[PDB]
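Here's the structure we're looking at; comments come further down.
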Amino acid sequence: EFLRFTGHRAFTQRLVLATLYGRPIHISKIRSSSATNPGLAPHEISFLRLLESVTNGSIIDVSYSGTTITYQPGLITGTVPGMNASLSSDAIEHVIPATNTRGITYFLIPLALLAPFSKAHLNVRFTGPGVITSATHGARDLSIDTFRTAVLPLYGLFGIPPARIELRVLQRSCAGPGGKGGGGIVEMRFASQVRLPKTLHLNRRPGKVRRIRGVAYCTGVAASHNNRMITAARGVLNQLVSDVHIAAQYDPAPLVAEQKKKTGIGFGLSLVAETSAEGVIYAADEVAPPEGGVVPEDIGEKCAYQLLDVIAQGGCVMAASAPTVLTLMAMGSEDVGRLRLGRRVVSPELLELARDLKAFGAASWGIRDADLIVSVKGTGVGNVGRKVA
Amino acid sequence: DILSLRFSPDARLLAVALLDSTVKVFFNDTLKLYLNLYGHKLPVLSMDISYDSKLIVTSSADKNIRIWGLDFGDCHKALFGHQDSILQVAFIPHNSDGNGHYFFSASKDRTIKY
Amino acid sequence: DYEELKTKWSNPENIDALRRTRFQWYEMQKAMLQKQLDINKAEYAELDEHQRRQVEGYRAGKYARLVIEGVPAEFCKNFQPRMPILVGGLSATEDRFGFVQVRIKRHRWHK
Amino acid sequence: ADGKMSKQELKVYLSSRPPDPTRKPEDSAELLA
Amino acid sequence: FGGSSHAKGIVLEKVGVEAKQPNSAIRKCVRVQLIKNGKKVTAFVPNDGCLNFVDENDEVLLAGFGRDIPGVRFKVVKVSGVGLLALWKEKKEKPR
RNA sequence: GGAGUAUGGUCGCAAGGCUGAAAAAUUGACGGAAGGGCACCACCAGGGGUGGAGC
């Protein structure tokens, strides 16, 4: 009830920083303008359910209008066998409903940056009708492949080792009828809980972009779609790079309940450019419209153009993974860590994250020239509960 | 060799049907390969696509017809329906009567099927 | 958006320009700690009003005057100069309440 | 098409493990025996 | 090890802290990291109740073990400058 | 040092999607009519339950 926020922008960032700092928040006026569907969105209320499920002692209170919530956070326990599940290796089930338009990386990015600060492991299993493992048009969410091999190496940079991260899909799905729907189930297993993340330093220039590797996925369409997409993306990137290599993945169709239906018919592509210097990777994704039927070569050219855009633009980390690396840099020890952002990278979401950290109680950021070096002072919180044996 | 080709009722996309047991669906304005349909064991004898261009039926010599969706070209259901090599297929063009996604198929076993 | 990116990366001189412009363990541990302790005080030695005041707080060793608002008046009435005043800084975690699980043992000389 | 990578590059990229960044009968005696 | 008689170390992690039976040697053994050379070796705390004085990241002197896991060669002698048998006998308190 | 037997790691193969859920036969498939055998799940002669009230 104490701290006060307004608006529906950066909602998951506000709740996750509230959980990590232990500061009780109160977010008012979610949808004041919308007369048709005011209040909380279904993906937002399902993220509230997931946050209650993985935490312990957190009290979430949604109002009668649905336009104001308050949130007194508790500790991030994870899957302990006395409170959350029955066994320590058991996956906590989470179902998200059929009226869900955002991708599953909308749930995975806050959970993956809230997961190294837990007590036990995290073994979340996202099932249900509305679990889209693809990119959305939506708010342009990342795919599962983009999310995995673009942002989990950043935890590898921080010292949360990716030897113990297990993000695996069991079915894959796109949106289907309109934006709503899904069907493809995932499970994420964080077994690498750290006390304090390392204060990293991204300062040297990530000049030579050495190679491009990627994933083109097709669920419900012909398997020549990814071959045509690979020929389009190679026709764009062969002017620049000799080694572009894009895996092809194909799944038949996922079935949801109504008597089951096959939903999530679509196809998309996800390129990742690896710089020879360090853990610096630029990613881009593009998905078919869930009703449109556009050319796969158009999609391959579109994702290659977005990848060359991000390679032109980015200093060290792209703006999709910049809030995650900046909030982990803030969670680290009481030293300064230095990120090298591009001047084009700075975004209203990044700026809103800065405003939220200043409101919560972290120190401000120091911006100097080198693209600009942003330097963040850690707050030294870490994780609160861990059994020091 | 092109065995059978048909247009779209809204003149947007073309569809040829080869001897290589495959179907190539092209765009009408510039002749760029929109997609290709596979999975026929024997060469395609005929095809007919729907009035709103959301369906293709494709009649082959391997004694079945295929229904494709024409966005992403996913086979809706391969349905084995004749005892011999199905010569021709045809949609009814008007959905004024509420039945525009129905189609006839005529085969070498002396049968038409609605 | 899409068509703007299509023109901006269909201009081939832009593509060629981007192709040109882009494509003793104890003492070692103590030295890494001192390297971090030089990296800060090398990194917030760049500006006064922003870094030295707002980023790095109020640095240690400097004499400082604190204004605390809302002290109960019994402290000012029962203030003796003998018993000193220790001001400590609570962390973000040190203001939360909950069940602390501790490992305890009675003292050797407690009866 | 030359996009087919290798089994080793498939093992690093398309697996569940994310790629870390910190890698780059002569003689009669023997015949009788 | 080395050329000396006792080595120092950092207690990385008390392996076998969740073992069931009380005086198991897997319960008594502790993975430490030697300072001088940098390698992680395993050492026996002499007693299961004496395991509680060994905390994580503590400077630990260890010697040879001369006589259930045969082959763990070292035993923890001092923890943070105080003898471990003295801590067990409750002669001294551990300076932390 | 040789020969067996185990135990736990490490590596290599397995581990690349004309794809998208619901035959065999000269020996095989199914019957019919006639004639037998058996049966307190049949006939015949009797007996006994349950089923009506309450637990």
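Letters A, B, ... go to the chains of the structure tokens in the order shown; residues in each chain start at 1; ligands are counted from 1 in the same order.
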
Note to self: What are the residues of chain F lining chain B at 12 Å or less? Count only C-alpha atoms (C1' of nucleotides), and put the answer as a ChimeraX atom specification.
What the structure shows: /F:18-22

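Omitting range 49-60 of chain E and its sequence neighbours fewer than 2 positions away, and counting only C-alpha atoms (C1' of nucleotides), the residues within 8 Å are residues 388 and 389 of chain A; 8, 9, 10, 11, 12, 13, 14, 28, 45, 46, 47, 62, 76, 77, 78, 79, 80, 81, 84, 87 and 88 of chain E.
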
Non-local contacts of residue 22 in chain D (9 Å; only C-alpha atoms (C1' of nucleotides); under 3 positions in same chain excluded) as a PDB file with N, CA, C and O atoms, in the first residue's frame:
```pdb
ATOM      1  N   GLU A 278      33.035 -10.967 -27.094  1.00  0.00           N
ATOM      2  CA  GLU A 278      32.602 -11.401 -25.770  1.00  0.00           C
ATOM      3  C   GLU A 278      31.161 -11.885 -25.875  1.00  0.00           C
ATOM      4  O   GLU A 278      30.698 -12.249 -26.962  1.00  0.00           O
ATOM      5  N   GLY A 279      30.457 -11.914 -24.745  1.00  0.00           N
ATOM      6  CA  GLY A 279      29.036 -12.200 -24.764  1.00  0.00           C
ATOM      7  C   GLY A 279      28.201 -11.049 -25.293  1.00  0.00           C
ATOM      8  O   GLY A 279      27.439 -10.427 -24.545  1.00  0.00           O
TER       9      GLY A 279
ATOM     10  N   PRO D  19      24.246 -21.955 -25.338  1.00  0.00           N
ATOM     11  CA  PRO D  19      25.696 -21.871 -25.537  1.00  0.00           C
ATOM     12  C   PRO D  19      26.299 -20.850 -24.588  1.00  0.00           C
ATOM     13  O   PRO D  19      25.897 -19.686 -24.576  1.00  0.00           O
TER      14      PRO D  19
END
```

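Reported to one decimal place, the separation of CA of residue 158 in chain A from CA of residue 44 in chain C is 21.5 Å.
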
Notebook entry, point to check: Hey, what's within 10 Å of range 88-105 of chain B if we count only C-alpha atoms (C1' of nucleotides) and toss same-chain stuff fewer than 5 positions away? As number ranges by chain, please?
Noted result: B: 4, 9, 44-52, 54-60, 64-65, 81-82, 111-114

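Those residues of range 180-234 of chain A that DSSP, working from the backbone, places in strand (DSSP E) are residues 186, 187, 188, 189, 190, 209, 210, 211, 212, 213, 214, 215, 216, 217, 218 and 219 of chain A.
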
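Interatomic distance, CA of residue 8 in chain C against CA of residue 290 in chain A: 27.2 Å.
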
Notebook entry, point to check: Taking only C-alpha atoms into account, which residues of chain A are within 10 Å of chain D, as number ranges by chain?
Noted result: A: 145, 148-157, 161-169, 213-215, 227-228, 230-231, 234, 243-249, 274, 276-280

Residues from the last selection, N, CA and C atoms, saved as a compact mmCIF listing (two decimals), in the first residue's frame:
```txt
# COMPACT_ATOMS: atom_id res chain seq x y z
N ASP A 145 13.17 -19.32 -28.89
CA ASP A 145 14.55 -19.45 -29.34
C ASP A 145 15.31 -18.14 -29.23
N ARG A 148 15.91 -17.60 -25.37
CA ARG A 148 16.93 -18.51 -24.88
C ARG A 148 18.32 -18.09 -25.33
N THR A 149 18.60 -18.19 -26.63
CA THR A 149 19.98 -17.93 -27.03
C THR A 149 20.26 -16.46 -27.31
N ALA A 150 19.41 -15.54 -26.87
CA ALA A 150 19.76 -14.13 -26.88
C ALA A 150 19.90 -13.54 -25.49
N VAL A 151 19.14 -13.99 -24.49
CA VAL A 151 19.23 -13.33 -23.19
C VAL A 151 19.74 -14.24 -22.07
N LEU A 152 19.70 -15.58 -22.22
CA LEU A 152 20.25 -16.34 -21.09
C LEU A 152 21.79 -16.33 -21.01
N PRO A 153 22.54 -16.22 -22.12
CA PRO A 153 23.96 -15.84 -22.01
C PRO A 153 24.26 -14.57 -21.21
N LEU A 154 23.32 -13.65 -21.06
CA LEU A 154 23.58 -12.49 -20.21
C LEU A 154 23.62 -12.88 -18.73
N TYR A 155 22.79 -13.85 -18.33
CA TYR A 155 22.94 -14.44 -17.01
C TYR A 155 24.26 -15.17 -16.90
N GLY A 156 24.69 -15.80 -18.00
CA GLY A 156 26.03 -16.38 -18.03
C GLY A 156 27.14 -15.36 -17.83
N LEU A 157 26.93 -14.14 -18.32
CA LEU A 157 27.87 -13.05 -18.05
C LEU A 157 27.84 -12.66 -16.59
N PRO A 161 25.15 -19.40 -14.02
CA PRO A 161 25.68 -20.17 -15.14
C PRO A 161 24.58 -20.87 -15.91
N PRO A 162 24.63 -20.83 -17.24
CA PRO A 162 23.65 -21.54 -18.06
C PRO A 162 23.89 -23.03 -18.19
N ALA A 163 24.77 -23.61 -17.37
CA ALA A 163 24.89 -25.06 -17.32
C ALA A 163 23.68 -25.67 -16.63
N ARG A 164 23.00 -24.89 -15.79
CA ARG A 164 21.88 -25.41 -15.00
C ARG A 164 20.53 -24.85 -15.42
N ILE A 165 20.48 -23.96 -16.41
CA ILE A 165 19.19 -23.50 -16.91
C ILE A 165 18.63 -24.54 -17.86
N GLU A 166 17.37 -24.90 -17.66
CA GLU A 166 16.71 -25.88 -18.52
C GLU A 166 15.39 -25.29 -18.96
N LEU A 167 15.39 -24.58 -20.08
CA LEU A 167 14.17 -24.12 -20.72
C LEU A 167 13.92 -25.06 -21.89
N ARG A 168 12.86 -25.86 -21.80
CA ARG A 168 12.54 -26.76 -22.89
C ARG A 168 11.07 -26.67 -23.23
N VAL A 169 10.79 -26.64 -24.52
CA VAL A 169 9.43 -26.66 -25.03
C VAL A 169 9.04 -28.10 -25.30
N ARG A 213 23.84 -17.15 -36.53
CA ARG A 213 23.13 -18.41 -36.42
C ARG A 213 21.69 -18.11 -36.04
N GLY A 214 20.78 -18.99 -36.45
CA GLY A 214 19.39 -18.65 -36.24
C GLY A 214 18.51 -19.88 -36.21
N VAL A 215 17.22 -19.64 -35.99
CA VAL A 215 16.21 -20.68 -35.94
C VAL A 215 15.00 -20.22 -36.73
N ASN A 227 12.79 -23.49 -45.49
CA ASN A 227 13.82 -23.50 -46.53
C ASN A 227 13.77 -22.24 -47.38
N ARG A 228 12.56 -21.81 -47.75
CA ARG A 228 12.42 -20.56 -48.49
C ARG A 228 12.84 -19.36 -47.65
N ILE A 230 15.14 -19.43 -45.27
CA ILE A 230 16.60 -19.48 -45.18
C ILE A 230 17.23 -18.95 -46.45
N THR A 231 16.66 -19.28 -47.61
CA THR A 231 17.18 -18.73 -48.86
C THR A 231 17.00 -17.21 -48.95
N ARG A 234 19.56 -15.69 -46.31
CA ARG A 234 20.90 -15.81 -46.84
C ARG A 234 21.12 -14.90 -48.03
N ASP A 243 29.34 -16.85 -43.06
CA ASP A 243 28.72 -17.90 -42.25
C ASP A 243 27.46 -17.38 -41.54
N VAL A 244 26.34 -17.51 -42.25
CA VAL A 244 25.01 -17.50 -41.68
C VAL A 244 24.48 -18.93 -41.78
N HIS A 245 23.99 -19.46 -40.66
CA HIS A 245 23.48 -20.82 -40.58
C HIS A 245 22.22 -20.80 -39.72
N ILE A 246 21.11 -21.24 -40.29
CA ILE A 246 19.81 -21.15 -39.65
C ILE A 246 19.21 -22.54 -39.58
N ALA A 247 18.98 -23.03 -38.36
CA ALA A 247 18.32 -24.31 -38.17
C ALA A 247 16.88 -24.25 -38.62
N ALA A 248 16.36 -25.38 -39.05
CA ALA A 248 14.96 -25.52 -39.44
C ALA A 248 14.28 -26.40 -38.41
N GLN A 249 13.12 -25.96 -37.94
CA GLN A 249 12.35 -26.73 -36.97
C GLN A 249 10.91 -26.82 -37.41
N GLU A 274 26.39 -13.17 -33.53
CA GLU A 274 27.37 -13.33 -32.46
C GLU A 274 28.62 -12.54 -32.82
N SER A 276 32.52 -11.66 -32.14
CA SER A 276 33.70 -12.42 -31.76
C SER A 276 34.32 -12.00 -30.43
N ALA A 277 33.99 -10.82 -29.91
CA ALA A 277 34.69 -10.28 -28.75
C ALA A 277 34.31 -11.01 -27.46
N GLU A 278 33.04 -10.97 -27.09
CA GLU A 278 32.60 -11.40 -25.77
C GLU A 278 31.16 -11.89 -25.87
N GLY A 279 30.46 -11.91 -24.75
CA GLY A 279 29.04 -12.20 -24.76
C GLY A 279 28.20 -11.05 -25.29
N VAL A 280 28.33 -10.76 -26.59
CA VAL A 280 27.57 -9.71 -27.26
C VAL A 280 26.88 -10.35 -28.45
```

List as JSON lines every residue of chain C that is in contact with chain A, defined as an atom at most 6 Å from one of its atoms (using only C-alpha atoms), together with the nearest atom pair and the distance in Å rounded to one decimal, sorted by chain and then rising number.
```
{"residue": "C:19", "atom": "CA", "partner": "A:240", "partner_atom": "CA", "distance": 5.8}
{"residue": "C:22", "atom": "CA", "partner": "A:208", "partner_atom": "CA", "distance": 5.6}
{"residue": "C:23", "atom": "CA", "partner": "A:208", "partner_atom": "CA", "distance": 4.8}
{"residue": "C:40", "atom": "CA", "partner": "A:336", "partner_atom": "CA", "distance": 5.9}
{"residue": "C:55", "atom": "CA", "partner": "A:364", "partner_atom": "CA", "distance": 5.3}
```

Keeping N, CA, C and O atoms for every residue in the selection just given, could you write it to a file as an mmCIF file, in the first residue's frame?
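Generated file (part27.cif):
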```cif
data_model
loop_
_atom_site.group_PDB
_atom_site.id
_atom_site.type_symbol
_atom_site.label_atom_id
_atom_site.label_comp_id
_atom_site.auth_asym_id
_atom_site.auth_seq_id
_atom_site.Cartn_x
_atom_site.Cartn_y
_atom_site.Cartn_z
ATOM 1 N N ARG C 19 29.223 -2.904 -43.789
ATOM 2 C CA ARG C 19 30.138 -4.026 -43.967
ATOM 3 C C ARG C 19 31.578 -3.596 -43.738
ATOM 4 O O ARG C 19 32.423 -4.406 -43.338
ATOM 5 N N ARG C 22 31.584 -2.771 -39.485
ATOM 6 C CA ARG C 22 31.186 -3.775 -38.504
ATOM 7 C C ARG C 22 31.931 -5.090 -38.671
ATOM 8 O O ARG C 22 32.423 -5.639 -37.683
ATOM 9 N N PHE C 23 32.033 -5.613 -39.883
ATOM 10 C CA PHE C 23 32.492 -6.982 -40.067
ATOM 11 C C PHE C 23 33.927 -7.044 -40.566
ATOM 12 O O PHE C 23 34.621 -8.031 -40.343
ATOM 13 N N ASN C 40 35.648 1.361 -9.409
ATOM 14 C CA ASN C 40 34.944 2.462 -8.769
ATOM 15 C C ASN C 40 35.991 3.352 -8.123
ATOM 16 O O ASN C 40 37.053 2.869 -7.734
ATOM 17 N N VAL C 55 24.914 9.703 -7.553
ATOM 18 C CA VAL C 55 25.258 8.297 -7.772
ATOM 19 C C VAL C 55 25.918 7.700 -6.535
ATOM 20 O O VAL C 55 25.407 6.746 -5.940
#
```

At most 6 Å is the cut-off: for each residue in chain A with any atom that close to an atom of chain B, write down the nearest atom pair and the distance in Å rounded to one decimal, counting only C-alpha atoms, chain first then increasing number, as a Markdown table.
```
| residue | atom | partner | partner_atom | distance |
| --- | --- | --- | --- | --- |
| A:221 | CA | B:74 | CA | 4.7 |
| A:222 | CA | B:74 | CA | 6.0 |
| A:293 | CA | B:71 | CA | 4.3 |
```

Note to self: To one decimal place in Å, what is the distance between CA of residue 34 in chain C and CA of residue 1 in chain E?
What the structure shows: 29.0 Å

Please report, as a CSV table (one decimal) with N, CA and C atoms, in the first residue's frame, each residue of chain C to which DSSP assigns alpha helix (DSSP H) when run on this structure's backbone.
```
chain,number,residue,atom,x,y,z
C,2,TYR,N,8.4,-0.9,-41.6
C,2,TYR,CA,8.9,-2.0,-42.4
C,2,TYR,C,9.4,-1.5,-43.7
C,3,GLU,N,8.7,-0.7,-44.4
C,3,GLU,CA,9.1,-0.1,-45.7
C,3,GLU,C,10.3,0.8,-45.6
C,4,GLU,N,10.3,1.6,-44.5
C,4,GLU,CA,11.5,2.5,-44.2
C,4,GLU,C,12.7,1.7,-44.0
C,5,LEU,N,12.6,0.5,-43.2
C,5,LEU,CA,13.8,-0.3,-43.1
C,5,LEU,C,14.2,-1.0,-44.4
C,6,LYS,N,13.2,-1.3,-45.2
C,6,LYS,CA,13.4,-1.9,-46.5
C,6,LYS,C,14.2,-0.9,-47.4
C,7,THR,N,13.9,0.4,-47.4
C,7,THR,CA,14.7,1.3,-48.2
C,7,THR,C,16.1,1.5,-47.6
C,8,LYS,N,16.1,1.7,-46.2
C,8,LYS,CA,17.4,2.0,-45.5
C,8,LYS,C,18.4,0.8,-45.6
C,12,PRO,N,22.5,0.1,-51.2
C,12,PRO,CA,23.7,-0.8,-51.1
C,12,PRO,C,24.9,-0.1,-50.7
C,13,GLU,N,25.0,1.2,-50.8
C,13,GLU,CA,26.2,1.9,-50.3
C,13,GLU,C,26.1,2.0,-48.8
C,14,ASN,N,24.9,2.0,-48.2
C,14,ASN,CA,24.8,1.9,-46.8
C,14,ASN,C,25.2,0.5,-46.3
C,15,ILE,N,24.8,-0.5,-47.0
C,15,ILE,CA,25.2,-1.9,-46.7
C,15,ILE,C,26.7,-2.1,-46.8
C,16,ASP,N,27.3,-1.5,-47.8
C,16,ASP,CA,28.8,-1.6,-47.9
C,16,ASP,C,29.5,-0.8,-46.8
C,17,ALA,N,28.9,0.4,-46.4
C,17,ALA,CA,29.5,1.1,-45.3
C,17,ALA,C,29.4,0.4,-44.0
C,18,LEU,N,28.3,-0.3,-43.7
C,18,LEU,CA,28.1,-1.1,-42.5
C,18,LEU,C,29.0,-2.4,-42.6
C,19,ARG,N,29.2,-2.9,-43.8
C,19,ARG,CA,30.1,-4.0,-44.0
C,19,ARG,C,31.6,-3.6,-43.7
C,20,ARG,N,31.9,-2.3,-44.0
C,20,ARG,CA,33.2,-1.8,-43.7
C,20,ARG,C,33.4,-1.6,-42.2
C,21,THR,N,32.3,-1.0,-41.5
C,21,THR,CA,32.5,-0.6,-40.1
C,21,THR,C,32.1,-1.6,-39.1
C,25,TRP,N,47.3,-17.6,-5.6
C,25,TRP,CA,45.8,-17.4,-5.8
C,25,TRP,C,45.3,-16.4,-4.8
C,26,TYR,N,45.9,-16.3,-3.6
C,26,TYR,CA,45.5,-15.3,-2.6
C,26,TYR,C,45.8,-13.9,-3.1
C,27,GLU,N,47.0,-13.6,-3.6
C,27,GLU,CA,47.3,-12.3,-4.1
C,27,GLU,C,46.5,-12.0,-5.4
C,28,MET,N,46.2,-13.0,-6.2
C,28,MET,CA,45.4,-12.8,-7.4
C,28,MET,C,44.0,-12.4,-7.0
C,29,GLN,N,43.4,-13.0,-6.0
C,29,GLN,CA,42.1,-12.7,-5.6
C,29,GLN,C,42.0,-11.3,-5.0
C,30,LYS,N,43.1,-11.0,-4.1
C,30,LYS,CA,43.1,-9.6,-3.5
C,30,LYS,C,43.4,-8.6,-4.6
C,31,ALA,N,44.1,-8.9,-5.7
C,31,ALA,CA,44.4,-8.0,-6.7
C,31,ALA,C,43.1,-7.7,-7.6
C,32,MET,N,42.2,-8.8,-7.7
C,32,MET,CA,41.0,-8.6,-8.4
C,32,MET,C,40.0,-7.7,-7.5
C,33,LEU,N,40.1,-7.8,-6.2
C,33,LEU,CA,39.3,-7.0,-5.3
C,33,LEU,C,39.8,-5.5,-5.4
C,34,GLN,N,41.1,-5.3,-5.5
C,34,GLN,CA,41.7,-4.0,-5.6
C,34,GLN,C,41.4,-3.4,-7.0
C,35,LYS,N,41.3,-4.3,-8.0
C,35,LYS,CA,41.0,-3.8,-9.3
C,35,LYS,C,39.5,-3.3,-9.4
C,36,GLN,N,38.6,-4.0,-8.7
C,36,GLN,CA,37.2,-3.4,-8.6
C,36,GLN,C,37.2,-2.2,-7.7
C,37,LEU,N,38.0,-2.1,-6.7
C,37,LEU,CA,38.1,-0.9,-5.9
C,37,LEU,C,38.8,0.3,-6.5
C,38,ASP,N,39.5,0.0,-7.6
C,38,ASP,CA,40.0,1.1,-8.5
C,38,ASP,C,39.0,1.5,-9.6
C,39,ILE,N,38.3,0.5,-10.1
C,39,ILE,CA,37.3,0.7,-11.1
C,39,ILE,C,36.2,1.6,-10.6
C,73,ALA,N,10.2,12.8,22.0
C,73,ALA,CA,10.7,13.8,22.9
C,73,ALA,C,11.3,13.2,24.2
C,74,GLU,N,10.9,12.0,24.5
C,74,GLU,CA,11.6,11.3,25.7
C,74,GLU,C,13.0,11.1,25.5
C,75,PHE,N,13.5,11.0,24.2
C,75,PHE,CA,14.9,10.9,24.0
C,75,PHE,C,15.6,12.2,24.3
C,76,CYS,N,15.0,13.3,23.9
C,76,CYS,CA,15.6,14.6,24.2
C,76,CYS,C,15.5,15.0,25.6
C,77,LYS,N,14.5,14.5,26.3
C,77,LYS,CA,14.4,14.8,27.8
C,77,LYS,C,15.3,13.9,28.6
```

Next item on the list: Go through F:31, F:4, F:12, F:37 and flag the residue nearest chain D, using only C-alpha atoms (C1' of nucleotides) for the distances.
Entry: F:12
